[PDB]
Amino acid sequence: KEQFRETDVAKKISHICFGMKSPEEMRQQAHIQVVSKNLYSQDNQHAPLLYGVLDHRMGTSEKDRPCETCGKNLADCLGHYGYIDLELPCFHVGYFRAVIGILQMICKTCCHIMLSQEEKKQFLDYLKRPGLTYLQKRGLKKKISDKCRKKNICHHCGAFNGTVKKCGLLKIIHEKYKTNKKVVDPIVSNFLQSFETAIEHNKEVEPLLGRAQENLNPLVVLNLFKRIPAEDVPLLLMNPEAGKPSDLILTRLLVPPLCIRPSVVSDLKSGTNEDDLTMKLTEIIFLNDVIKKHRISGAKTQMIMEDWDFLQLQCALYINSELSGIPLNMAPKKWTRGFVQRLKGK
Amino acid sequence: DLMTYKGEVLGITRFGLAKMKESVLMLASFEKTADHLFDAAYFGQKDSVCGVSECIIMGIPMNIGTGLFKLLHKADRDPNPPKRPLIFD
Amino acid sequence: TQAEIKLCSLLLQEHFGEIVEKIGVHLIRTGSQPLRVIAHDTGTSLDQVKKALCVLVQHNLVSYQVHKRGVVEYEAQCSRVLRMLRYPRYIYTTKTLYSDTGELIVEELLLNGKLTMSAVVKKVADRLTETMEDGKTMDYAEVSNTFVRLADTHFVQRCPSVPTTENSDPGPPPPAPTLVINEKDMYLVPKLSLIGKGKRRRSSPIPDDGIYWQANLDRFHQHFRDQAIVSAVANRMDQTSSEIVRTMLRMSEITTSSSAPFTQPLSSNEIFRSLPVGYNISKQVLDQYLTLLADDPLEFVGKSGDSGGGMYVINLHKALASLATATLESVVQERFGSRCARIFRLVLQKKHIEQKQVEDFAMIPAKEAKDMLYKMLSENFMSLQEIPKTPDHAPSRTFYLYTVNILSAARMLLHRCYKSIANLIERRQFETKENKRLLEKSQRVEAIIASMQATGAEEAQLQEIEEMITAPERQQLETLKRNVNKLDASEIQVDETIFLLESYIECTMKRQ
Amino acid sequence: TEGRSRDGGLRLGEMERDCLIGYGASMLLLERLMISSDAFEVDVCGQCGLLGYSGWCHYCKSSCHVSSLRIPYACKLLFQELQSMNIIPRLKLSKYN
Amino acid sequence: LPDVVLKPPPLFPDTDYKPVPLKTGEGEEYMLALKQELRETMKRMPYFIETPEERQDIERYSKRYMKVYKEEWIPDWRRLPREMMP
Amino acid sequence: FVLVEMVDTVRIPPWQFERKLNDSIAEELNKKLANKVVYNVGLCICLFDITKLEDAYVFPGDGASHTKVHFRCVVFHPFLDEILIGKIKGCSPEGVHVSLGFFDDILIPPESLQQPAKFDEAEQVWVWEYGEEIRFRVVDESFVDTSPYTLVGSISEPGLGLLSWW
Amino acid sequence: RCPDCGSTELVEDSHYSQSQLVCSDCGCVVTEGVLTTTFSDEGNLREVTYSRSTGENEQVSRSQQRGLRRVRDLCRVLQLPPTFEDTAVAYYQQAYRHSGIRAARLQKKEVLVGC
Amino acid sequence: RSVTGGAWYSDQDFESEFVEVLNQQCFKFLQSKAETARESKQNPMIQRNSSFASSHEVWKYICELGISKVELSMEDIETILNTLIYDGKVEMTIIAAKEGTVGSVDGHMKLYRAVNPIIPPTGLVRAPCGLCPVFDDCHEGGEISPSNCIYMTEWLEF
Ligand code: SF4
Ligand SMILES: [Zn+2]
Ligand SMILES: [Zn+2]
Ligand SMILES: [Zn+2]
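Residue numbers (PDB author numbering), protein chains in the order written: chain V, 3 to 348; chain X, 1292 to 1380; chain Y, 2 to 205, 227 to 534; chain F, 1036 to 1132; chain L, 27 to 112; chain G, 2 to 131, 145 to 162, 184 to 201; chain B, 6 to 120; chain W, 159 to 316.
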């Protein structure tokens, strides 16, 4: 007959469980995929473009037009999330330092946490102590970092690993082929000697033999994070229920409902005041589409890499529009208000 | 007594509040919201809602004051009433 | 290892049950763990934890260790859990190598983990009794001969032995017996003097105690590597050359450890005598074959010296890497195409290369090769160096060199195979579950025949078997069956591919 | 809104809430700062711990663990803003008894 | 200007490449039959922990007529720690 | 039918305080689970008994009473073998539509197993002859709230003989 | 319209700083409450125009930019109000839609600005 | 010719059909010669040698075909056969021929022979999971799932 549904339960919140979503759980959560970079239709009615930002299946911002996904009023509608697919993986500003630390905490080939088995067991025992606090967890991570950065080879692999550092703009560099004043490693000789064809087609490559090290792109670090063993996940201080380390690398973007993004149609003029976040979402869609176009048309590899970096910068600005390490020459636009700006400040 | 209940003299400064208290929301709201929130999420921290600050934030009645005790309506009731017996079993 | 954990959970749920697979998954995810925290975290009773642990350690899927204050911490062997998937291939290779008696021997060892002489010979004789009729009887003599042959071929090895508790620490017993493994008795077969015949299931003290025997899957994997290498050699150069390689590997089967970059030094003179008489060959033809295999760019074999005429050695790591590269090129060709395979092989030969160089060398015009490079880059098969002219390593001011690494691609492909097998098992189990009504229907229509099959089984009910409504439904059943069949076979085929990649992953790793 | 020029009501400064806490008027404080400022109704799935709509859970694709909860609208806005940053808040509900 | 997507990409983009037919021969069919028979043998063997039956309500004599019986194996307790005895 | 151990918190408004708590609880529960199928449970009918009735809390909100109650009520949920006797209220060509007597017209037998004269040619044919009984095959439930049913079950009629009616 | 009586006589009247719609026949309210932007937010948010949104204002070649700048400085030196500048630039942007006009010599563009 | 103009560059544009046709027909010649050598069965070493085709021989075969308007040189056919090598269907075997009909390589001569692929299509390609376009997006309970993955639908349907 009729499916019984309990309207309400007399419950009260006990605690909030913070945690990351996978870009895959992210895609599961979202209702529609945002593909239209442009906002409204060409007709004078200014109809919002379907499957794009400011669609009215995605929450609602105007009193007259209700939510299309949920049949509720502007006030009643809670809002629906959308998802945007990124053709290339992108770093996360909140998790940039985190990925740097993990890459310093695990190797690049064996990928396990890089400490002695006795050190691992001792840290596990100290972590088994009930009720570990936030400050204690930060101290634990710092202790593990200090004891891990003083070695070079993981127990599993034994591959040599140098220091990993941020170079410039959302860029991670690992000097695997360390230059030494002593005898050089055989692996270093193999790596340097194998530039035969590049030197053949470019003499200037040979002077660039040094200062040319392993840079960890978002895609390769995503692949590494996929293959992480579960055993080392607790040693990474990462609660498995909250999220797997692969979730830190962002390859999908949840666009939030129209409840957060206002569209103030200024009746005094022929325009609508719009949030900088919606503009940055439009720019992100444009960047993804133009990356697709350049991949189809076969542009320079360097041009594709610049497109990837500019996408990373766009996502960074969308997350936080106040960064001190952007592309000086590649001037974006002007000052904007990001999510952090909406959060912090008086 | 509050300032020394942990065995060490703890200030009323932001460092002190970070020390004796733990709530993620309060630490984020005090200063540097992005770093604190993202670090807390990275550590996968779970945060209770027993404190008054989050109770106001969460919109739930606080435990201090009138929100401490629970009320019970003295109605005419018979707990565990007589049971109609099944014959088939 | 998330896909590995998912596949292991599926396998353990399929093969042993639910409370066992829960404990196995918890151990895999958590590693070493004492028993009490295992029971608490899994939310299971103490007795169920005991049952899961015993049924797991009996099959050598998990082990235990002793730590400070005599605590017993249990650990899981995820690779060992994946190993049960290759049981059918082990059975097939034993059936091919030796008679079906050895096939049943290894099957019972796999299904029982470890067994004694008496237990295994009794089980094998019993299972061999029904395979035959006319009152003939199996004797323990042939079963014992086959088992000792298998053990001497190192396909069956002894369990770690229980240490003599009376010789060391007599008194308070440790929480665990703390078994130890002894190399010299892994193949020391004890004698069973008694010979008898197994009951044919009419349905109407222990001389071999303390010693248990298990399938040595390391021998199976070494033999499978042998088979793959000789198959590749036969595919490429000649059947006779592959025969020579197989003969020298067989010569080195017992003389070489399972983990060896090179084999023993073998001379062509003893190769000639060790070759079967079926291959009509001469000494000079053997020398020419061996020299040209040494000159084969695949460099499977190597001279390593001129003593004893033509002395030769094989390159285990190099051959495994070549096989892995061949498999990688095959799969990338099948999924992307022939021209992308050309690009992959081209960049394989040229370790560092620019994009226009690839276009010129592969003779692929613009807007076509570059899309393949971008795609095969995005699928994590490919890597870019980003050599800068400064050290800011930042924008359009650095060169990008294509460089493909075998190891990373092999690792990710192994992960992909794991997830694919997980998907196949999920699909087969879902299709089995959604059709369990028809499964029980077919079970009942066959039970009408089987139950009371000779006693009172009138012919006037044989025509009533199709009377049950499954007459069109059998169609569906057949489809399900073939799909099931197909899935299983496909999965088994994919399993072989894994043995390739993992082998490379195992040989490239030394574990210092 | 802000004030008289914008027909806005008065502002409960932090000190006023401090005094209210000192008195311990829990229900009065809750009513003043939630009911009289911004009241909203939300649905939470106990399984997922995530917000839901109209007694339905999209993430869990179910409606067997939904429940009603009164909330400040600012609190819901904060939850959604934190969701945008992929910092997903999972609410662990408990019975009032 | 790339064209605006009016209807999202399908749940399944059709593939130009088709899966290769599987291996054929006596060996493969023996593999399949062996695996399928192994399925039932491991189901019947006592190592297969049967799930506890539930939601059965009342008593009857017919319980004794549809009884399924199977023998129970035992592990070697000298190889097993004594802590795991039932 | 079958009893189910049902546990629920019941909210009683204050204007019924003069009555006994148990009777108001029973009335509200009857109003609350009447003609409402419960997912993976079956079609609830009416309350049978109240086993546990604990303290009646009052909340800082509505101000009414809330009591957590353990009790037992009857539901319809066959055990895949039960014999039913319903009436044919309609018959689609792909499958007849039987309705249990005044109970529910939601049990749909797909006509696929009676004597090999199986066809419903859309002029309302009960059966092809050589107050209708039922062997219930399966049960199924779903969440209808897919937009801001759910108990049908498959029904089979094999060659029972049916000497009373062909 | 009235949901019950059906009367379409809905009138807007200002309450004690509350905008709402009420039916004069049955005094029943059909819609109350209104959402308006605050000055603190209006000062931060940036207005967008149709041209820049659709991508226009970027297809302004060096010649058209020079022309509109000439129009601007010409109307400036004459000391005209901003409305005259707006109308002049609008007329210039309208005249520049012809193919024969844009493809002309500097003298043509200058006399066009003058006209 | 190396940096400007070029046989493949007509109007400074690469001739795709030229290289495709040349590769396919020279592979036809290589496989025909390999088949003739395989059916010769005279001797395994004679088999190996007669299977081989010299660069000058295949170049003359292309010239007698004369399909391409721009006459192809020795190194041009060498690069064509190298592209075939990159396809894995033929292999390169340099022999120590100090002089001969080629006479180009110092003390050696170029021999290309068609050989079978080392391994047929391995596993994971009989199942659509192998590098599926939505493999990364494939999920147990996502919008695309193996339960509703139309790749299984199609493959099992076949
Ligand atoms: S979509 Fe289907 S075929 Fe493709 S990877 Fe996922 S489960 Fe495998
Ligand atoms: Zn909504
Ligand atoms: Zn949920
Ligand atoms: Zn009215």
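Cβ atoms here follow ideal geometry from the backbone N, Cα and C, with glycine treated the same way.
With hydrogens ignored, establish whether the beta-carbon of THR43 (chain Y) is closer than 7 angstroms to any heavy atom of ligand 2. For the purposes of this step, residue 43 (chain Y) is identified with residue 42 of the third sequence, where counting begins at 1. Outside the cutoff, so no.
Name the DSSP beta bridge partners of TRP1091 (chain F), please? Counted from its first residue, the fourth sequence places residue 1091 (chain F) at position 56. DSSP, once it has assigned bridges, lists F:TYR1088 as partnering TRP1091 (chain F).
Is any heavy atom of ligand 3 found at a distance shorter than 7 angstroms from the C-beta of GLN1082 (chain F)? For the purposes of this step, residue 1082 (chain F) is identified with residue 47 of the fourth sequence, where counting begins at 1. Yes.
Output the distance between the C-alpha atoms of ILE302 (chain W) and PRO329 (chain V), rounded to the nearest integer angstrom. Here residue 302 (chain W) refers to the residue found at position 144 when the eighth sequence is read from its first residue. Here residue 329 (chain V) refers to the residue found at position 327 when the first sequence is read from its first residue. The alpha-carbon atoms of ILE302 (chain W) and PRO329 (chain V) are separated by roughly 38 angstroms.
Residues of the stretch 79-110 of chain L in Cβ contact with chain Y at a cutoff of 7 angstroms, in chain order, please. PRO101, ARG104, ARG105, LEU106, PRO107, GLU109 and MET110
Spatial neighbours of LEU370 (chain Y) within its chain, please: CB distance less than 8 angstroms, with the 5 preceding and 5 following residues excluded, ordered by chain position. As a first step, residue 370 (chain Y) must be located in the third sequence, where it is residue number 348. The residues are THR347, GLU351 and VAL426.
Relative to the C-alpha of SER418 (chain Y), which candidate in V:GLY81, V:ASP311 and V:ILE321 has its C-alpha closest? As a working note, residue 418 (chain Y) is residue 396 in the third sequence. It is V:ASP311.
Could you tell me which chain Y residues have their CB closer than 9 angstroms to the CB of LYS44 (chain L), listed as they occur along the chain? What you label residue 44 (chain L) is simply residue 18 of the fifth sequence in a count that begins at 1. Ordered by position in chain Y, no residue passes the 9 angstroms Cβ test against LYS44 (chain L), which lies about 10 angstroms from the chain.
Where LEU11 (chain Y) and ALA493 (chain Y) are concerned, what is the direct C-alpha to C-alpha distance, given to the nearest angstrom? Walking along the third sequence from the start, residue 11 (chain Y) turns up at place 10. Walking along the third sequence from the start, residue 493 (chain Y) turns up at place 471. For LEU11 (chain Y) and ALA493 (chain Y), the distance between alpha carbons rounds to 33 angstroms.
Is it true that the CB of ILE190 (chain G) sits closer than 8 angstroms to the CB of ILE109 (chain G)? Residue numbering aside, residue 109 (chain G) sits at position 108 when the sixth sequence is read from its first letter. Residue numbering aside, residue 190 (chain G) sits at position 155 when the sixth sequence is read from its first letter. A contact, by the Cβ cut-off of 8 angstroms.
Less than 8 angstroms between CB atoms is the rule here; does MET1353 (chain X) satisfy it with respect to chain F? Here the question's residue 1353 (chain X) lines up with position 62 in the second sequence. So yes, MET1353 (chain X) belongs to the interface.
Mind checking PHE227 (chain V): buried by the 16 CB within 10 Å criterion, or exposed? Indexing the first sequence from 1 puts residue 227 (chain V) at position 225. By the neighbour-count rule (16 or more Cβ atoms within 10 Å), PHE227 (chain V) is buried.
Kindly list, in the order they appear in chain Y, the residues whose Cβ is closer than 9 angstroms to that of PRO193 (chain G). Taking the first residue of the sixth sequence as 1, we reach residue 193 (chain G) at position 158. By Cβ distance, chain Y contributes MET490 and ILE491.
Tell me whether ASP30 (chain B) counts as near ligand 4, meaning its Cβ is closer than 7 angstroms to at least one heavy atom of that ligand. In the seventh sequence, the residue the question calls residue 30 (chain B) occupies position 25. Yes, the beta carbon of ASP30 (chain B) sits closer than 7 angstroms to at least one heavy atom of ligand 4.
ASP249 (chain V) versus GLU52 (chain B) - alpha carbon distance: Counting from 1 along the first sequence, the entry for residue 249 (chain V) is found at position 247. Counting from 1 along the seventh sequence, the entry for residue 52 (chain B) is found at position 47. Distance between the alpha carbons of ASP249 (chain V) and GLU52 (chain B): 36 angstroms.
Give the DSSP bridge partners of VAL16 (chain B), in chain order. For the purposes of this step, residue 16 (chain B) is taken as residue 11 along the seventh sequence, with counting starting at 1. DSSP output for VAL16 (chain B) lists B:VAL27 as bridge partner(s).
Bridge-paired residues (DSSP) for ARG108 (chain L): Residue 108 (chain L) sits at position 82 when you count from the first residue of the fifth sequence. According to DSSP, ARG108 (chain L) bridges with nothing at all.
Beta carbon of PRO176 (chain Y) nearer than 8 angstroms to that of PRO107 (chain L): For the purposes of this step, residue 176 (chain Y) is identified with residue 175 of the third sequence, where counting begins at 1. For the purposes of this step, residue 107 (chain L) is identified with residue 81 of the fifth sequence, where counting begins at 1. Contact: yes.
Mark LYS113 (chain B) as exposed unless 16 or more other C-beta atoms lie within 10 angstroms of its C-beta, in which case mark it buried. Counted from its first residue, the seventh sequence places residue 113 (chain B) at position 108. By the 10 Å Cβ count, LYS113 (chain B) comes out exposed.
Listed by chain order, which residues have C-beta atoms less than 5 angstroms from any heavy atom of ligand 1? Y:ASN445, W:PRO286, W:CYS287, W:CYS290, W:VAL292, W:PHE293, W:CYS296, W:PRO304, W:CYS307 and W:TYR309
Where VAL38 (chain G) meets chain Y, residues with beta-carbon distance less than 8 angstroms: As a first step, residue 38 (chain G) is located in the sixth sequence; it is residue number 37 there, counting from the start. In chain order: nothing, as chain Y lies at least about 22 angstroms away.
Using the C-alpha atoms, what's the distance from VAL99 (chain G) back to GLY91 (chain G)? In the sixth sequence, the residue the question calls residue 91 (chain G) occupies position 90. In the sixth sequence, the residue the question calls residue 99 (chain G) occupies position 98. In a straight line, the C-alpha of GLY91 (chain G) is about 7 angstroms away from that of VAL99 (chain G).
What is the DSSP secondary structure of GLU155 (chain G), counted as helix, strand or coil? Here residue 155 (chain G) is taken as the residue at index 141 of the sixth sequence, counted from 1. Correct three-state label for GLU155 (chain G): coil.
Quick one, which of Y:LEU338, Y:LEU446, Y:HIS243 and Y:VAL252 has its alpha-carbon nearest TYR88 (chain Y)'s? Here the question's residue 88 (chain Y) lines up with position 87 in the third sequence. That would be Y:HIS243, whose Cα lies nearest to the Cα of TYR88 (chain Y).
Relative to the C-alpha of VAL3 (chain G), which candidate in G:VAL76, G:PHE103 and G:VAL187 has its C-alpha closest? If you number the sixth sequence from 1, residue 3 (chain G) lands on position 2. Taking only the C-alpha atoms, the option nearest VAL3 (chain G) is G:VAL76.
In three-state terms, what does DSSP make of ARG159 (chain Y)? The residue labelled residue 159 (chain Y) in the question sits at position 158 within the third sequence. It is a strand residue.
Cβ closer than 7 angstroms: which chain C residues qualify as neighbours of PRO112 (chain L)? In the structure shown, chain C cannot be found, because the protein chains are V, X, Y, F, L, G, B and W.
Ignore the nearest five residues each way along the sequence and tell me which others in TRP166 (chain W)'s own chain have a CB closer than 7 angstroms to its CB. Working through the eighth sequence from its first residue, we reach residue 166 (chain W) at position 8. Once the five neighbours on either side are set aside, the close Cβ partners of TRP166 (chain W) are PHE172, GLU173, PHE176 and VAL177.
Taking the alpha carbon of residue 218 (chain Y) as the point to measure from, which residue in W:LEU289, W:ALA192 and W:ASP234 has its own alpha carbon closest? Shown without residue 218 (chain Y), the model has chain Y running from 205 straight on to 227.
Within 10 angstroms of its Cβ, does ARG504 (chain Y) collect 16 or more other Cβ (buried), or is it exposed? By 1-based counting over the third sequence, the position of residue 504 (chain Y) is 482. Per the 10 Å Cβ criterion, exposed.
Identity of the residue in V:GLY327, V:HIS296 and V:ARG344 nearest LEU90 (chain V) by Cα: Within the first sequence, the letter at position 88 stands for residue 90 (chain V). Measuring from the Cα of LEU90 (chain V), the nearest candidate turns out to be V:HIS296.
Identify the contact partners of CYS1083 (chain F) in chain X, using a Cβ-Cβ distance below 8 angstroms as the criterion. Taking the fourth sequence and counting its residues from 1, one reaches residue 1083 (chain F) at position 48. What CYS1083 (chain F) touches in chain X: nothing, since even the nearest Cβ is about 15 angstroms away.
For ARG1125 (chain F), three-class secondary structure by DSSP: Position 90 of the fourth sequence, counted from the first residue, corresponds to residue 1125 (chain F). Reduced to three states, the DSSP call for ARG1125 (chain F) is strand.
For ligand 4, is there any heavy atom lying closer than 7 angstroms to the beta carbon of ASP9 (chain B)? Position 4 of the seventh sequence, counted from the start, is the residue given in the question as residue 9 (chain B). Yes.
Drop a sphere of 10 angstroms on the beta-carbon of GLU488 (chain Y), count the other beta-carbons inside from all chains shown, and report buried for 16 or more, exposed for fewer. In the third sequence, counting from the first residue as 1, residue 488 (chain Y) sits at position 466. Exposed, since its Cβ has fewer than 16 Cβ neighbours within 10 Å.
What residue from X:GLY1342, X:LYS1310 and X:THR1324 has the CA that sits closest to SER1061 (chain F)'s CA? Translated into positions along the fourth sequence, residue 1061 (chain F) becomes position 26. It is X:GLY1342 whose Cα lies nearest to the Cα of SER1061 (chain F).
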